[PDB]
Amino acid sequence: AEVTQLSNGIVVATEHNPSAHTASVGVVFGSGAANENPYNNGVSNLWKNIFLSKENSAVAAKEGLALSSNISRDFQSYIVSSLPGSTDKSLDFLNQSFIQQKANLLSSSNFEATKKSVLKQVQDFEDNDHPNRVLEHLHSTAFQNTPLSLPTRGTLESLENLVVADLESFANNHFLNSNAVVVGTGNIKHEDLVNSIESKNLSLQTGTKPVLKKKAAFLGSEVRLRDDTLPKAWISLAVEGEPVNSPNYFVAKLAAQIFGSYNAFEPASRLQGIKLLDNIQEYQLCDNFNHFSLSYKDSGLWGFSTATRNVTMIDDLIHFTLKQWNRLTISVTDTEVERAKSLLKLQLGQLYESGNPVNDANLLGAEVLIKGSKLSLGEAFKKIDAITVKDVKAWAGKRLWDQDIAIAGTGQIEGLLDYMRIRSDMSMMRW
Amino acid sequence: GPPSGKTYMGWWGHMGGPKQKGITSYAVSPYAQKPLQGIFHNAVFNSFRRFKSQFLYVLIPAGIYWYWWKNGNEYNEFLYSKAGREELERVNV
């Protein structure tokens with residue numbers, strides 16, 4: 001329940017939990033796919049893949065350490081998990097790979113075998129993971145010609161034309177000290193870790209700052225990846241959401257909980273206290289849907305994603321869903337808000353407190369990099385419970401009502417009507 | 001309902017076209033676009049093109065008919081003037 005963080009030469013952030021059997025240690029850099037270019041796009045993902053290379057991974061396996069990495073938009077992270085006792089040997093492997101082997105991982109035999117793996121990896125994604133593929137393209141069109149548009153896994157064309165020098169160039173511009181935070185989760189104490197860190201000196205590229213860019217911006221638009229050979233239609237639609245560290249950060253997430261997620265095959269899901277379900281179940285407008293409030297450093301996306309085999313009624317799916325969202329500005333009820341608060345706490349809890357320290361590190365790391373600290377789970381609940389119907393209405397009237405949208409879809413989307421028809425539904429006629 | 005005869009047009013989701021794959025489209029909200037004023041400087045010299053290719057198909061048949069009309073008219077005028085009463089008696093009945 002304690003979020004301890006101190007700075008000496010490097011910023012150290014930890015969160016202890018004695019009941020945890022293992023401990024995870026790692027470095028989280030304040031730069032991700034949002035820092036790349038259209039041409040070196042996929043370099044971060046490539047780094048992650050060599051860090052988990054058979055060679056580097058075997059060295060950690062002998063020592064009894066497990067490797068894990070995650071490439072996001074605003075950040076990047078390299079994590080090593082171990083037993084509570086080997087909390088020192090994780091730091092040896094961390095330093096040995098980011099300073100000593102910052103040239104042994106980049107061999108012309110390791111790099112090629114890895115490049116061939118991320119190529120089959122990113123290709124498999126585009127060929128089969130339609131829901132995530134669609135969600136990735138949603139960011140692509142919504143934030144076109146802006147940092148948030150670049151996909152995390154990179155594109156096949158920028159990937160196959162990438163070389164060892166590109167990795168180095170990126171590493172020497174972002175893997176800096178002022179653009180880093182060392183994180184530790186599990187059971188180890190803050191004072192326990194900071195000592196092993198403040199022990200080993202050496203700055204290594206100190207005072208150096210990463211390159212700057214241009215601010216991210218939402219552009220109402222769409223990308224339609226029609227493919228009549230797929231057995232379904234997958235669509236994602238959203239408005240400009242909230243950036244992390246926004247006053248309405250929670251109002252937005254609550255609003256998404258009101259409509260929540262659905263799965264037509266799960267008996268219990270068909271019974272949720274969601275008004276939209278009365279409309280969509282009559283003719284079974286979809287197999288599933290899920291709302292989200294994605295937040296990043298400069299912006300975010302608020303909307304929903306859905307999958308359906310009812311290809312001749314896609315317009316009803318979109319129409320009923322948008323009519324429900326209209327409600328947030330004009331008629332959302334106290335009980336809908338209250339139901340959302342309870343369910344938001346339950347999901348926010350299950351995230352911030354899972355039985356896995358690697359998840360804790362990513363959540364902690366990502367937060368401290370943006371606001372310099374982490375809001376305690378109990379602090380969130382105070383903010384969540386304080387939200388009134390009046391708040392949700394003021395938010396919706398600014399973010400949802402008669403606002404541009406961004407759309408992306410693949411599969412049998414002939415039935416997804418034109419942009420203007422969808423856009424017109426972002427409001428209602430009144431006297 | 002009662003069985004319907006097969007046609008060459010369906011409806012949204014089953015239009016009757018061939019299966020599409022590989023084509024990706026993009027568009028941008030009219031709201032985000034430059035309000036109507038840019039249809040000049042960039043869209044002016046480009047215009048008038050769908051009549052520079054067509055005017056001949058219209059003009060030649062028009063010319064042929066206008067000439068033919070003018071001729072017969074002027075001939076009728078001559079026939080009913082003093083100078084042409086001689087020719088009138090000839091071509092008439």
# chains A, B, ... in the order shown; residues from 1 in each chain; ligands from 1

$ residues_around --residues "residue 391 of chain A" --least-positions-apart "3" --cutoff "12 Å" --atoms "only C-alpha atoms" --output "JSON, numbers by chain"
{"A": [247, 248, 249, 250, 251, 252, 254, 255, 328, 329, 330, 332, 334, 337, 383, 384, 385, 386, 387, 388, 394, 395, 396, 397, 398]}

$ write_last_selection --atoms "N, CA, C and O atoms" --output "CSV table (one decimal), in the first residue's frame"
chain,number,residue,atom,x,y,z
A,247,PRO,N,-8.1,16.1,-15.2
A,247,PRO,CA,-9.1,16.2,-14.1
A,247,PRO,C,-10.2,15.2,-14.3
A,247,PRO,O,-10.8,14.6,-13.4
A,248,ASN,N,-10.6,15.0,-15.6
A,248,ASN,CA,-11.6,14.0,-16.0
A,248,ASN,C,-11.1,12.6,-16.2
A,248,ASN,O,-11.9,11.8,-16.8
A,249,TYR,N,-9.9,12.3,-15.8
A,249,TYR,CA,-9.3,11.0,-16.1
A,249,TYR,C,-10.3,9.9,-15.6
A,249,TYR,O,-10.5,8.9,-16.2
A,250,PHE,N,-10.8,10.1,-14.4
A,250,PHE,CA,-11.7,9.2,-13.8
A,250,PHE,C,-13.2,9.2,-14.3
A,250,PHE,O,-13.8,8.2,-14.4
A,251,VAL,N,-13.6,10.4,-14.6
A,251,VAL,CA,-15.0,10.6,-15.1
A,251,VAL,C,-15.1,9.8,-16.4
A,251,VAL,O,-16.1,9.1,-16.7
A,252,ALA,N,-14.1,9.9,-17.2
A,252,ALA,CA,-14.0,9.2,-18.5
A,252,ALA,C,-14.1,7.7,-18.3
A,252,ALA,O,-14.8,7.0,-19.0
A,254,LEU,N,-15.2,6.0,-15.8
A,254,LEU,CA,-16.5,5.7,-15.2
A,254,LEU,C,-17.5,5.6,-16.4
A,254,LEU,O,-18.2,4.6,-16.5
A,255,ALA,N,-17.5,6.6,-17.2
A,255,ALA,CA,-18.4,6.6,-18.4
A,255,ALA,C,-18.3,5.4,-19.3
A,255,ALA,O,-19.3,4.9,-19.8
A,328,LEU,N,-25.5,10.1,-22.0
A,328,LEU,CA,-24.6,10.7,-21.0
A,328,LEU,C,-24.6,12.2,-20.9
A,328,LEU,O,-24.3,12.7,-19.8
A,329,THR,N,-25.0,12.9,-21.9
A,329,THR,CA,-25.1,14.3,-21.9
A,329,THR,C,-26.4,14.8,-21.4
A,329,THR,O,-26.5,15.9,-20.7
A,330,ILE,N,-27.5,14.0,-21.6
A,330,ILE,CA,-28.8,14.5,-21.2
A,330,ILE,C,-29.6,13.7,-20.2
A,330,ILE,O,-30.5,14.3,-19.5
A,332,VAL,N,-28.4,10.4,-18.3
A,332,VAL,CA,-27.9,9.3,-17.5
A,332,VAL,C,-28.4,9.4,-16.1
A,332,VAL,O,-28.7,10.5,-15.5
A,334,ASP,N,-28.8,8.3,-11.8
A,334,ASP,CA,-28.0,8.1,-10.6
A,334,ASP,C,-27.6,6.6,-10.4
A,334,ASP,O,-26.4,6.3,-10.2
A,337,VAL,N,-24.7,5.6,-12.8
A,337,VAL,CA,-23.5,6.1,-12.3
A,337,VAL,C,-23.0,5.3,-11.1
A,337,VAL,O,-21.8,4.9,-11.1
A,383,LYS,N,-11.7,9.6,-5.3
A,383,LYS,CA,-12.0,10.4,-6.5
A,383,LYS,C,-13.2,9.8,-7.2
A,383,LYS,O,-14.1,10.5,-7.7
A,384,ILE,N,-13.2,8.4,-7.3
A,384,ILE,CA,-14.3,7.7,-8.0
A,384,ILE,C,-15.7,8.0,-7.3
A,384,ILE,O,-16.6,8.3,-8.0
A,385,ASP,N,-15.7,7.8,-6.0
A,385,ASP,CA,-16.9,8.0,-5.2
A,385,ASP,C,-17.5,9.4,-5.3
A,385,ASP,O,-18.7,9.6,-5.0
A,386,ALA,N,-16.6,10.4,-5.5
A,386,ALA,CA,-17.0,11.8,-5.5
A,386,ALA,C,-17.6,12.2,-6.8
A,386,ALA,O,-18.1,13.4,-6.9
A,387,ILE,N,-17.7,11.4,-7.9
A,387,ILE,CA,-18.2,11.7,-9.1
A,387,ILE,C,-19.8,11.7,-9.1
A,387,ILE,O,-20.4,10.8,-8.6
A,388,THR,N,-20.4,12.8,-9.6
A,388,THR,CA,-21.8,13.0,-9.6
A,388,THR,C,-22.3,12.9,-11.1
A,388,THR,O,-21.6,12.9,-12.0
A,394,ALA,N,-21.3,17.0,-17.8
A,394,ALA,CA,-20.5,18.1,-18.2
A,394,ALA,C,-19.3,17.5,-19.1
A,394,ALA,O,-18.9,18.2,-20.0
A,395,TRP,N,-18.9,16.3,-18.7
A,395,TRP,CA,-17.8,15.7,-19.5
A,395,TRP,C,-18.3,15.2,-20.9
A,395,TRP,O,-17.6,15.5,-21.9
A,396,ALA,N,-19.4,14.5,-20.9
A,396,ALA,CA,-20.0,14.0,-22.1
A,396,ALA,C,-20.4,15.2,-23.1
A,396,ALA,O,-20.1,15.1,-24.3
A,397,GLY,N,-20.9,16.2,-22.5
A,397,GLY,CA,-21.3,17.4,-23.3
A,397,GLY,C,-20.1,18.1,-24.0
A,397,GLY,O,-20.3,18.9,-24.9
A,398,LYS,N,-18.9,17.7,-23.5
A,398,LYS,CA,-17.7,18.3,-24.0
A,398,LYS,C,-16.9,17.4,-24.9
A,398,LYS,O,-16.4,17.7,-26.0

$ interface_residues --of "chain B" --to "chain A" --cutoff "7 Å" --atoms "only C-alpha atoms" --output "list in words"
residues 12, 13, 19, 20, 21, 22, 23, 24, 25, 26, 27, 28, 29 and 32 of chain B

$ select_by_dssp --residues "segment 11-245 of chain A" --states "strand (DSSP E)" --output "PyMOL selection string"
chain A and resi 11-15+23-29+66-71+76-82+180-185+221-226+233-240

$ atom_distance --atom1 "atom CA of residue 343 of chain A" --atom2 "atom CA of residue 275 of chain A"
15.7 Å

$ residues_around --residues "residue 184 of chain A" --least-positions-apart "6" --cutoff "8 Å" --atoms "only C-alpha atoms" --output "PDB file with C-alpha atoms, in the first residue's frame"
ATOM      1  CA  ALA A  13      10.715   3.672  -7.473  1.00  0.00           C
ATOM      2  CA  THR A  14       9.380   0.715  -5.493  1.00  0.00           C
ATOM      3  CA  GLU A  15       6.283  -0.776  -3.883  1.00  0.00           C
ATOM      4  CA  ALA A  23      10.397  -9.997  -6.651  1.00  0.00           C
ATOM      5  CA  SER A  24      10.631  -8.146  -9.962  1.00  0.00           C
ATOM      6  CA  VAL A  25      13.277  -5.602 -10.890  1.00  0.00           C
ATOM      7  CA  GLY A  26      13.535  -3.516 -14.019  1.00  0.00           C
ATOM      8  CA  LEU A 193      17.172  -1.805  -3.384  1.00  0.00           C
ATOM      9  CA  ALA A 361       6.109  -2.804 -12.184  1.00  0.00           C
TER      10      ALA A 361
END

$ select_by_dssp --residues "segment 35-253 of chain A" --states "alpha helix (DSSP H)" --output "PyMOL selection string"
chain A and resi 43-51+54-62+89-95+110-128+130-142+156-159+164-174+190-199+249-253

$ closest_residue --among "A:27, A:106, A:212, A:380" --to "residue 177 of chain A" --atoms "only C-alpha atoms"
A:27

$ closest_residue --among "A:70, A:261, A:179, A:161" --to "residue 39 of chain A" --atoms "only C-alpha atoms"
A:161

$ atom_distance --atom1 "atom CA of residue 373 of chain A" --atom2 "atom CA of residue 244 of chain A"
12.4 Å

$ residues_around --residues "residue 92 of chain B" --least-positions-apart "6" --cutoff "12 Å" --atoms "only C-alpha atoms" --output "ChimeraX atom specification"
/B:76,79-80,84-86

$ write_last_selection --atoms "C-alpha atoms" --output "compact mmCIF listing (two decimals), in the first residue's frame"
# COMPACT_ATOMS: atom_id res chain seq x y z
CA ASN B 76 -37.62 31.22 -97.82
CA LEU B 79 -38.69 33.26 -102.29
CA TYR B 80 -41.26 35.63 -100.78
CA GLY B 84 -37.75 35.76 -106.02
CA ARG B 85 -41.39 35.59 -107.14
CA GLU B 86 -40.17 34.08 -110.41
